[PDB]
**Student:** 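One structure follows; several queries about it will come next.
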Amino acid sequence: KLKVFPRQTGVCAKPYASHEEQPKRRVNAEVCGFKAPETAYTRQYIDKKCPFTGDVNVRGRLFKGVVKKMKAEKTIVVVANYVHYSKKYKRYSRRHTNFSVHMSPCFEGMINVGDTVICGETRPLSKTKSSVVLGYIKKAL
Amino acid sequence: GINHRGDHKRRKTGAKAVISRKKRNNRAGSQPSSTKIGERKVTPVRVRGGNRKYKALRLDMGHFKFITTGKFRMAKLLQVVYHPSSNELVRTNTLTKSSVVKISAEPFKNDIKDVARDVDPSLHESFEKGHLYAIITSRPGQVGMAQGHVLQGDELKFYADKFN
Amino acid sequence: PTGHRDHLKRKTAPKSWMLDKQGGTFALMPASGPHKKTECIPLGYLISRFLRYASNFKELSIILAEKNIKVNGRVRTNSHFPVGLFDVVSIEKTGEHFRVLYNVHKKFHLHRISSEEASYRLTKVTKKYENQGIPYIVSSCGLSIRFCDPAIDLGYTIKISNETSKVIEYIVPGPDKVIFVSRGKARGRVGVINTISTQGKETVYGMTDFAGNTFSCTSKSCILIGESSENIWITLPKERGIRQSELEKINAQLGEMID
RNA sequence: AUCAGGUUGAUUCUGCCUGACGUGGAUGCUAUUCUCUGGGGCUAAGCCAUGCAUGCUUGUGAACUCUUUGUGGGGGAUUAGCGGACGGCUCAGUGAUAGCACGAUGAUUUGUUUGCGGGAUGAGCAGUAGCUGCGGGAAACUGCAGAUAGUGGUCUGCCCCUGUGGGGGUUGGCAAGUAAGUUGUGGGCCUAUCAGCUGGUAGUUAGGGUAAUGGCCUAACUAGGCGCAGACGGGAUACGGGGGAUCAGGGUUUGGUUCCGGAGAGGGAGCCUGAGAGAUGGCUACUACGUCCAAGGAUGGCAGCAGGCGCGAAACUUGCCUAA
């Protein structure tokens, strides 16, 4: 259910062109060690919030987590584990943090509840989202 | 007035807000300007730093570009036929960005005669009634002008299914 | 508290200026301009604490309003004007020239020089841009120079004319050079490059003092001042920047402690 | 790196109560000197008589005035410009939307300072401050006529987006430096006789607004988001740090108060000028308490420095300064 005409921001084609000959889709290779997926080249979707074929820049820290929920449109919930040291008792305690992350459509049939993902930091994207998925690691059986 | 702070919203967990500050002129906003058609009227406003915006209240004579030839002409604005967000903005003839307008076809009389009545026959049928369709890509409330391009082929068919 | 401040309390003044803790509640606030704010000293302190010419402030403003001072060969009459590293201060009557340096205790220091040495300046290249159909390069004291070589890049040291303000020649950084450390833990120490390695977007220089001690520091706190150990482009201070440790300072006063 | 006294006719224990050592506040008796360092915070962010705490600079030269006199001089009113957003005081609100630590601004603006760039001596009409006169009013404040610099329109040219048409603007720049705004994660005040909470609430797509990202705001559509690793609530003398006290080690307690950050000017709201204020020794309204009047009007803001009343167990001078 699109409302404007689909076209990447930056490229400009010509009206009476051919379906095989018209401009090429522009893609990237992300924060140095992350290559774009292959469903990013051979697919049609317009996402201004996509890291590879989109308009967002990833300048910030990278973190890891575990997928806990997939129920909103292009938004997952990731849990990150960490630990705090007590001085009086000389021991640690386990703790967690919750993130809302943008999942571009190029990861459609790949990530499932229970995987591990690598996320990057961006500018504010909505009220609660300020990060994006860059890669993943499927759980071992 | 309008103010763009978020100190008054509920929290991510649903908790009621706590305010400990008055509003700041830092984050002050304006009411929406509603650019209509007819008898140009633009106003200069003084903004932060001493700078200047131009707030169009009424406009004629867009500045459109025929894409297949790459030439700008200045046409006349006739009426609005589609807005992607609110169709109560079409009943009022309000000119925001990315609204589709019906334009006058005379000034493009040289350009349109390099296309046949072959694959684009819907562009040549409306030209004989006296009008073409265009689309606006500037922000009339921020820069004080309308500026876009003419619809042909893929675009003109995608939007034509919207406003019938 | 959303409007700029115009005063300095004296407790917060930088340690390099060597100001007494008492002696009033305020200190001179420096102006904007050539160097950064954490790397300059106001002009009015250099003429009344480091030369002891004026004993007052009624007098210090008779020396500046009579137009007797020139920073980098250019007359200055403001006591808030900021002076930075490797800058020439000239005084016509009683002809003299000085260069602004550091100690090895990291304080400021005025070093007397000659007249054909007072036509120099050394700076690093930091930025580079093109505007209006002209290529520019930006110094580390903040100036733009147009129409330089096309083969000067970020990091090289350049020599400015100081009487026409034009580049003369430069230095590319590599092993077997000399270095002055302009800030950090190791400010005011001269060394000789041995190795240049990298890390997560950083370059680190292994160095070696003029007495055998070893050393290391990033490339953002260092300026090249020489081509080799006997081809330095400026005159160093009395001690040359050694920083003998505290074991080696009591033996001077107390001898060694042999078994 | 330490212990004593006290339950029994006498005994060994358990257990608390009391003494012996510091530190902050209030208070009794008693006092010779000098040197450094403090003093209306706790109760009333209660109410305030009188004096002082903010004014300068000219490429501007009116009234008046001089000269044996002319593109002549003195004189100093008003224009124009800069500042009054800092400095000083206080701790009501705020338990994390503030503050500290490490990050992003490739999402933004910046007078004065520095180095480069940039600049209408054309036409033709309107017209003002001071100044010279007539005046109103208890006051606080104000009107009309006359004549002149700066100045304001409109043409002309110049510049910008276009062009086989046209349409706008009136000289506003670049780079450093300095300042400011926006944003991510993490931390022991007490409490479950507080267990389930949330409707712009969580997201998508479009537009508006902003110096700028963003449910910040609106239209349409999806059903999400948080929680015993304590959500959502409620309480106590809650401004956060840098810091202080105590002292074998491990710990316990405290920070209204010099330095840095925030917030406020009786209580709430809304705004103008400006590079910068949601300003209170700026303006407008409602609201608590008022003050002066010839009765019709006009007006106030000590949590600035002294001082007064009140409150309480509880806290200094209505002094001198063209010097640092």
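Residue numbering restarts at 1 for every chain, and letters A, B, ... go by the order of the sequence lines.
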**Student:** Does OP1 or OP2 of D/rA104 have a side-chain N or O of A/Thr122 closer than 4.0 Å?
**Tutor:** no
**Student:** Is B/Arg27 side chain donor-acceptor paired with the D/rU213 base, going by distance under 3.5 Å alone?
**Tutor:** yes
**Student:** Show the atom names and distances, to 0.1 Å, of all donor-acceptor pairs under 3.5 Å that link a side chain in residues 61-90 of chain A to residues at least two apart or in another chain.
**Tutor:**
from    : atom 1 : to       : atom 2 : distance (Å)
A/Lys74 : NZ     : A/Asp47  : OD2    : 3.2
A/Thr75 : OG1    : A/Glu73  : O      : 3.4
A/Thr75 : OG1    : A/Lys129 : NZ     : 3.3
A/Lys90 : NZ     : A/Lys87  : O      : 3.4

**Student:** Is C/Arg5 near enough to D/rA85 that one of its side-chain N or O atoms lies under 4.0 angstrom from OP1 or OP2?
**Tutor:** no
**Student:** Hey, are C/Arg49 and C/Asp20 close enough for a salt bridge, meaning a charged N less than 4.0 Å from a carboxylate O?
**Tutor:** yes
**Student:** Measure from the side chain of C/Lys127, starting at C-beta and using heavy atoms only, and say which of D/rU114, D/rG276, D/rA175 lies closest.
**Tutor:** D/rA175
**Student:** Should D/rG296 be tagged north or south? The rule is the sign of the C1'-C2'-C3'-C4' torsion.
**Tutor:** south
**Student:** Would you say D/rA44 pairs with D/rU156 if a pair means Watson-Crick or G-U wobble with both distances under 3.5 Å?
**Tutor:** no
**Student:** What pucker, north or south, follows for D/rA295 from the sign of the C1'-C2'-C3'-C4' torsion?
**Tutor:** south
**Student:** Tell me which nucleotide among D/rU185, D/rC232, D/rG117 gets nearest to the side chain of C/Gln132.
**Tutor:** D/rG117
**Student:** State, as yes or no, whether the six-membered rings of D/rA231 and D/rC232 are stacked by the criterion of centre distance under 5.5 Å and planes under 30 degrees.
**Tutor:** yes
**Student:** Under 5.5 Å between six-ring centres and under 30° between planes, true for D/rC56 and D/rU57?
**Tutor:** yes
**Student:** Would you please indicate if the ring centroids of B/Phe64 and B/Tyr133 are separated by under 6.0 Å?
**Tutor:** no
**Student:** Base, sugar-phosphate, or nothing for B/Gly1, non-hydrogen atoms under 4.0 angstrom?
**Tutor:** sugar-phosphate
**Student:** Given the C1' atoms of D/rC42 and D/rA314, what is the spacing between them in whole Å?
**Tutor:** 9 Å
**Student:** Of all residues at least two apart in sequence or in a different chain, which pass the side-chain hydrogen bond (donor to acceptor under 3.5 Å, both in side chains) check with A/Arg123?
**Tutor:** none
**Student:** Using a cut-off of less than 4.0 Å, is there contact between a side-chain N or O of A/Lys69 and OP1 or OP2 of D/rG225?
**Tutor:** yes
**Student:** Are any of the side-chain heavy atoms of C/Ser79 and C/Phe57 separated by less than 4.5 Å?
**Tutor:** yes
**Student:** When every nucleotide of nucleotides 204-209 of chain D is labelled 5' to 3' by its protein contacts under 4.0 Å (heavy atoms), B for base, S for sugar-phosphate only, - for none, what sequence of letters results?
**Tutor:** SBBSBB
**Student:** Scan B/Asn51 against the nucleic acid and name what it touches under 4.0 Å (heavy atoms): base, sugar-phosphate only, or nothing.
**Tutor:** sugar-phosphate
**Student:** B/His131 and B/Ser104: side-chain donor and acceptor closer than 3.5 Å?
**Tutor:** no
**Student:** Taking for each residue the nucleotide of RNA chain D with the nearest heavy atom, is it B/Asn3 or A/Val77 whose nucleotide lies nearer the 5' end?
**Tutor:** B/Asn3
**Student:** Which value, in whole Å, describes the distance between the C1' atoms of nucleotides D/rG106 and D/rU254?
**Tutor:** 48 Å
**Student:** Using a cut-off of less than 4.0 Å, is there contact between a side-chain N or O of B/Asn87 and OP1 or OP2 of D/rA219?
**Tutor:** no
**Student:** Would D/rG297 and D/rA298 be classed as stacked, given the thresholds of under 5.5 Å between six-membered ring centres and under 30° between planes?
**Tutor:** yes
**Student:** Does the sign of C1'-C2'-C3'-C4' make the D/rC21 sugar north or south?
**Tutor:** north
**Student:** Can D/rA26 and D/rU27 be counted as stacked under the 5.5 Å centre and 30° plane limits?
**Tutor:** yes
**Student:** Atom CG of C/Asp6 to atom P of D/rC86: distance rounded to whole Å?
**Tutor:** 9 Å
**Student:** Could you give the distance separating D/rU317 and D/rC302 at their P atoms, to the nearest angstrom?
**Tutor:** 24 Å
**Student:** Starting at the 5' end of RNA chain D and moving along, which residue's nearest nucleotide shows up first, A/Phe99 or A/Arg59?
**Tutor:** A/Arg59
